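J.: One structure follows; several queries about it will come next.
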Amino acid sequence: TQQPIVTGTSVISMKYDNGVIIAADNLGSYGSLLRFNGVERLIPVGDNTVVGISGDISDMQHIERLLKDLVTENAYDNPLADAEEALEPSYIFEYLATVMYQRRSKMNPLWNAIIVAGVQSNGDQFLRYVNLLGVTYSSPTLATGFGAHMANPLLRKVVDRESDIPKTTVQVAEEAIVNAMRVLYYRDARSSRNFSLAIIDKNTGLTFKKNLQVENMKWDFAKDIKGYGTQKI
Amino acid sequence: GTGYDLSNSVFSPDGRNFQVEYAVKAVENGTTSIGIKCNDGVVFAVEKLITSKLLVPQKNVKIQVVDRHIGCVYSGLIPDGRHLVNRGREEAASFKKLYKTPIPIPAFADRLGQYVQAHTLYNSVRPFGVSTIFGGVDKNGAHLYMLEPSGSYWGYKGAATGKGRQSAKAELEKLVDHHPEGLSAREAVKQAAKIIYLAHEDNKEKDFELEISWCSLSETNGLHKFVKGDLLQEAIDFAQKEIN
C-alpha cells in the first residue's frame, strides 16, 4: 500500500463507426503544483492499440516498460509477429487487467486508472477500462477521474447507446473529444491546456496527434462579473 | 589410468576436459551455419535439411532473435540451442531493466560465455551440444561472435560451424582478403546464400532449405530481421547460379 506522488488527471475516450478516439493532457502534477508539462500519458502499443493512463506517474512509467517488453516478447520465435500473431488490444488489456488485480490483491496497487483503446484484427472497436482495484468495464464512452463526471455526459449525448456507434463519424467524434478537453480545462484544477489525441481507425490505422491546445475559449463575460453580490464596480 | 572422460568437470592428465571435447563432436555432426560481419551489420544463415516432402516449407524456423537487435544461429543439438537463447533472452531483459539501454553485443557475449563455461565446472551437468553464432548492432558498430561448448568465444569477421564448416571457413577467408574495405549488408546476404550452397556439398545427399537473417544499421535500422520474399529469392539465385 502506497500513496501517489506525481499524478496525471483525466483520460477520455469513445468509439465511433470505424474506430476509437482517446485523449489525455500532458500534465504531471505533484499535489497542487503543476510540476511537469511534457508528460505523454498515451502509450501506443503496436499500431492497433493505444493505452491511456492516469494516476501515479511513476507507476505509469512502470506499465510503460511492461508494455514494451510485451512487444519484445511477442516477437520471440514468432514468424507472424507483424501479421496473424501480432498483439491484439484485447490481449494487451487482459494482461494489464490481470496485473492490476494481482497487485491490488497483494495490498500493493499500481495507483492508476487505465483505458485501452484499439481495433481488433477483425475490425471490431475495442474500448475497456481497468483501475487499481482491478475493476473493469466497457461502454461506448469511457473516462477516468474528472472526465468521468464531465466528459462522459457530453460524449454520451453523441453515442448514448450501441446503435449510435455506426451513426457517428470521426469528425463528429473527434469534435466531442476536443470540446470535452476544453471543459475539463475550465473546471479541473489539475488539468493542462496541452494534450495528446489518438485515433485508431480500422481503415486509416493509428493517427497520433501531439501538442494540441484548448482553443476557442469563452472568457470575455468575466469582465461583467464584479463583486460577489451587491458591489457595483 | 583412464576414466578421465566419463565425468564432466574432470581434468585429464594433459589438462583437457574430454566431455567438452565430446560435445564438440556433436556440434560437428550438425547442420552448417554461418555469420558474415559487414560494413554496418551482420548476416546470419543456416542449412535446413529437408528430411522429407512432409516438412512444411519455410515453417520450422531456426534462427533466433534476442531482445530486438541480436541474432542467434547454432549447429549441434538444437534443443540445447534454444536453452541457450532462453538464457540469453533473460540475460538481456535483466540488463535493459537495470541500465535502460539495450545490451551491447560484447556484454551479451560474455553473458552466454559465463553461462556456458559454468556447465564445464560440475559433473552434475552436461556441456552444451552446440556452437552458436550471434551478433548485432550497438552503440559502437556491428559485432559477430561464435561461442564453443567450452564457453570459449571471440569476435569474428566471419564464422562458420557444423558439417561444412571448412568449405564455409574457406569461402569466408577469401571474402576477407578480397574486401579489406568491408562487404555490405546487401552483398553479405547473397554471399551468405552462396557459402551455404557450397558448404552443402558436405551433405549433398539430402535436399535442404536456406534461411537468412540480418541486422544492418542502414538496411534494418539496427534491428534484427529475417530475409523473406524477393530479397531471399534474389540470394538463392545468386547462389544457384554460382554453384555452376
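Identifiers in the C-alpha cells: chain A, B, ... in order shown; residue index from 1 per chain; ligand index from 1 in order shown.
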Mind checking which residues fall within 12 Å of residue 47 in chain A, counting only C-alpha atoms, ignoring those fewer than 5 positions away in the same chain, and posting them as a PDB file with C-alpha atoms, in the first residue's frame?
T.:
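Okay, part28.pdb is ready:
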ATOM      1  CA  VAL A  71       6.018  -6.484 -27.607  1.00  0.00           C
ATOM      2  CA  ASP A  82       3.608  -8.498 -37.651  1.00  0.00           C
ATOM      3  CA  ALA A  83       0.678 -10.481 -39.013  1.00  0.00           C
ATOM      4  CA  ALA A  86       0.708  -9.516 -33.617  1.00  0.00           C
ATOM      5  CA  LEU A  87      -0.615  -8.184 -30.306  1.00  0.00           C
ATOM      6  CA  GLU A  88      -4.356  -7.518 -30.166  1.00  0.00           C
ATOM      7  CA  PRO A  89      -5.904  -4.795 -27.996  1.00  0.00           C
ATOM      8  CA  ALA A 117      -8.343   1.727 -26.956  1.00  0.00           C
ATOM      9  CA  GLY A 118      -7.907  -0.034 -30.250  1.00  0.00           C
ATOM     10  CA  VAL A 119      -9.245  -2.043 -33.153  1.00  0.00           C
ATOM     11  CA  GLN A 120      -9.283  -5.835 -33.195  1.00  0.00           C
ATOM     12  CA  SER A 121      -7.898  -7.696 -36.220  1.00  0.00           C
ATOM     13  CA  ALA A 198      -5.065   9.455 -30.857  1.00  0.00           C
ATOM     14  CA  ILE A 199      -7.342   7.831 -33.396  1.00  0.00           C
ATOM     15  CA  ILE A 200      -7.405   4.141 -34.237  1.00  0.00           C
ATOM     16  CA  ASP A 201      -9.386   3.656 -37.415  1.00  0.00           C
ATOM     17  CA  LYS A 202      -9.953   0.235 -38.964  1.00  0.00           C
ATOM     18  CA  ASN A 203      -9.062   1.681 -42.367  1.00  0.00           C
ATOM     19  CA  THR A 204      -6.673   4.565 -41.717  1.00  0.00           C
ATOM     20  CA  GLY A 205      -4.848   2.872 -38.842  1.00  0.00           C
ATOM     21  CA  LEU A 206      -3.274   4.769 -35.949  1.00  0.00           C
ATOM     22  CA  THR A 207      -3.027   8.552 -36.037  1.00  0.00           C
ATOM     23  CA  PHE A 208      -1.247  10.086 -33.059  1.00  0.00           C
TER      24      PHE A 208
END
J.: Could you build a table of the residues in chain B lying no more than 12 Å from chain A, giving for each the nearest pair of atoms and their separation in Å rounded to one decimal place, using only C-alpha atoms, ordered by chain and ascending residue number, as a Markdown table?
T.:
| residue | atom | partner | partner_atom | distance |
| --- | --- | --- | --- | --- |
| B:58 | CA | A:79 | CA | 10.0 |
| B:59 | CA | A:79 | CA | 8.6 |
| B:60 | CA | A:79 | CA | 10.0 |
| B:61 | CA | A:77 | CA | 8.1 |
| B:62 | CA | A:77 | CA | 8.9 |
| B:63 | CA | A:77 | CA | 8.7 |
| B:64 | CA | A:77 | CA | 6.6 |
| B:65 | CA | A:76 | CA | 6.4 |
| B:66 | CA | A:76 | CA | 7.4 |
| B:67 | CA | A:72 | CA | 6.3 |
| B:68 | CA | A:72 | CA | 6.5 |
| B:69 | CA | A:72 | CA | 10.3 |
| B:70 | CA | A:76 | CA | 11.3 |
| B:71 | CA | A:76 | CA | 11.0 |
| B:72 | CA | A:77 | CA | 11.5 |
| B:82 | CA | A:77 | CA | 10.0 |
| B:85 | CA | A:76 | CA | 10.1 |
| B:86 | CA | A:76 | CA | 9.7 |
| B:88 | CA | A:76 | CA | 12.0 |
| B:89 | CA | A:76 | CA | 9.1 |
| B:90 | CA | A:73 | CA | 10.5 |
| B:92 | CA | A:72 | CA | 11.2 |
| B:93 | CA | A:69 | CA | 8.3 |
| B:94 | CA | A:69 | CA | 11.3 |
| B:96 | CA | A:69 | CA | 10.2 |
| B:97 | CA | A:65 | CA | 8.5 |
| B:98 | CA | A:65 | CA | 11.6 |
| B:100 | CA | A:65 | CA | 9.8 |
| B:102 | CA | A:72 | CA | 11.5 |
| B:223 | CA | A:72 | CA | 11.6 |
| B:224 | CA | A:75 | CA | 10.9 |
| B:225 | CA | A:79 | CA | 10.3 |
| B:226 | CA | A:79 | CA | 9.0 |
| B:227 | CA | A:79 | CA | 11.6 |
| B:228 | CA | A:79 | CA | 10.8 |
J.: Residues within 12 Å of residue 53 in chain B, please, as a PyMOL selection string. Count only C-alpha atoms; anything in the same chain fewer than 6 positions from it doesn't count.
T.: chain B and resi 206-209
J.: Got a sec to tell me which of range 42-161 of chain B DSSP assigns to strand (DSSP E or B), as a PyMOL selection string?
T.: chain B and resi 42-50+64-66+70-76+130-138+141-147+153-155+158-161
J.: Work out how far apart CA of residue 165 in chain A and CA of residue 152 in chain A are and give it in Å to one decimal.
T.: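 Between these atoms lies a distance of 14.9 Å.
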J.: DSSP on the backbone: what in range 125-176 of chain A comes out alpha helix (DSSP H), as a VMD selection string?
T.: chain A and resid 146 to 156 170 to 176
J.: Mind writing the picked residues with N, CA, C and O atoms as a compact mmCIF listing (two decimals), in the first residue's frame?
T.:
# COMPACT_ATOMS: atom_id res chain seq x y z
N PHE A 146 -11.85 13.08 -13.23
CA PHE A 146 -12.74 14.18 -13.58
C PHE A 146 -13.55 13.98 -14.85
O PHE A 146 -14.72 14.37 -14.90
N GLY A 147 -12.93 13.40 -15.87
CA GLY A 147 -13.63 13.18 -17.12
C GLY A 147 -14.84 12.28 -16.99
O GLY A 147 -15.78 12.36 -17.78
N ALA A 148 -14.84 11.43 -15.97
CA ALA A 148 -15.95 10.52 -15.76
C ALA A 148 -17.20 11.32 -15.43
O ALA A 148 -18.32 10.90 -15.72
N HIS A 149 -16.99 12.48 -14.82
CA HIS A 149 -18.10 13.33 -14.42
C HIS A 149 -18.49 14.39 -15.44
O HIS A 149 -19.66 14.71 -15.57
N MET A 150 -17.51 14.92 -16.16
CA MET A 150 -17.81 15.97 -17.13
C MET A 150 -17.73 15.53 -18.59
O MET A 150 -18.52 15.98 -19.41
N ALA A 151 -16.79 14.65 -18.91
CA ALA A 151 -16.66 14.21 -20.28
C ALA A 151 -17.76 13.23 -20.69
O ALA A 151 -18.43 13.43 -21.70
N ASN A 152 -17.96 12.17 -19.90
CA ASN A 152 -18.98 11.19 -20.24
C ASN A 152 -20.33 11.80 -20.58
O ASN A 152 -20.93 11.43 -21.59
N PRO A 153 -20.83 12.75 -19.76
CA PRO A 153 -22.13 13.36 -20.07
C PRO A 153 -22.18 13.98 -21.47
O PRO A 153 -23.16 13.82 -22.19
N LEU A 154 -21.10 14.66 -21.84
CA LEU A 154 -21.02 15.29 -23.16
C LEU A 154 -20.93 14.22 -24.24
O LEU A 154 -21.75 14.19 -25.16
N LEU A 155 -19.94 13.35 -24.13
CA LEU A 155 -19.73 12.29 -25.10
C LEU A 155 -20.94 11.38 -25.27
O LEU A 155 -21.19 10.87 -26.36
N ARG A 156 -21.70 11.17 -24.20
CA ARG A 156 -22.87 10.31 -24.27
C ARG A 156 -24.02 10.92 -25.07
O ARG A 156 -24.92 10.20 -25.53
N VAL A 170 -15.83 10.07 -37.40
CA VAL A 170 -14.62 10.54 -36.76
C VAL A 170 -14.67 12.04 -36.54
O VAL A 170 -14.17 12.55 -35.54
N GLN A 171 -15.25 12.74 -37.50
CA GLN A 171 -15.36 14.19 -37.40
C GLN A 171 -16.20 14.55 -36.19
O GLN A 171 -15.74 15.27 -35.30
N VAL A 172 -17.42 14.04 -36.15
CA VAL A 172 -18.32 14.30 -35.04
C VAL A 172 -17.63 13.89 -33.74
O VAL A 172 -17.54 14.68 -32.80
N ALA A 173 -17.14 12.66 -33.70
CA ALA A 173 -16.46 12.12 -32.52
C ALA A 173 -15.28 12.97 -32.05
O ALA A 173 -15.26 13.44 -30.91
N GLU A 174 -14.30 13.18 -32.91
CA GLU A 174 -13.14 13.96 -32.52
C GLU A 174 -13.53 15.33 -32.02
O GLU A 174 -12.86 15.92 -31.17
N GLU A 175 -14.63 15.85 -32.56
CA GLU A 175 -15.11 17.16 -32.16
C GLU A 175 -15.51 17.12 -30.69
O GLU A 175 -15.14 18.01 -29.91
N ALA A 176 -16.25 16.07 -30.32
CA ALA A 176 -16.70 15.87 -28.95
C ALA A 176 -15.50 15.74 -27.99
O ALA A 176 -15.46 16.38 -26.94
J.: What gap, in Å, lies between CA of residue 10 in chain B and CA of residue 149 in chain B?
T.: 15.3 Å
J.: Just want the 12 Å neighbourhood of residue 171 in chain B, counted on only C-alpha atoms, with same-chain residues fewer than 6 positions away dropped. Output as a count of residues only.
T.: 19
J.: Report, in Å to a single decimal, how far apart CA of residue 96 in chain A and CA of residue 136 in chain A are.
T.: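 Interatomic distance, CA of residue 136 in chain A to CA of residue 96 in chain A: 10.7 Å.
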J.: Contacts of residue 219 in chain B at 9 Å or less, counting only C-alpha atoms, minus same-chain residues fewer than 2 places along, as a list in words?
T.: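 Surrounding residues, per the criterion: residues 40, 41, 185, 186, 214, 215, 216, 217, 221, 222 and 223 of chain B.
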